[PDB]
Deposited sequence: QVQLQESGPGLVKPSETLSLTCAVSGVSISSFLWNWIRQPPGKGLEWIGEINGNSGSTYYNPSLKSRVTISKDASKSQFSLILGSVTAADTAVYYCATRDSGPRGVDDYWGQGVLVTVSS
């Protein structure tokens, strides 16, 4: 089932970066955020666990980053602080099971900061 994302759209050059990913249960899958600057490759920024067990972050960006998710609101969000920037944002996962590998991703939304 598809994942839709939402954010502010415009952001100051010294503000914070925050956006959500409305989504199947949170407790089923391990969830993930990746991004894409213009003219550059994809960048993994961090990943959370499904039962809220732990969080893992990209160590270059692991200075003011925070991923939190709800357990009932079907919510999943990112909090990057002190904003590499000016990119489009994806929330993603990889389903599995008997009938192959599904790998649902989201559409994306562009957040334009000063770099």
field: Deposited-sequence stretches lacking C-alpha coordinates, listed in sequence order
entry: 1, 25 to 26, 87 to 88
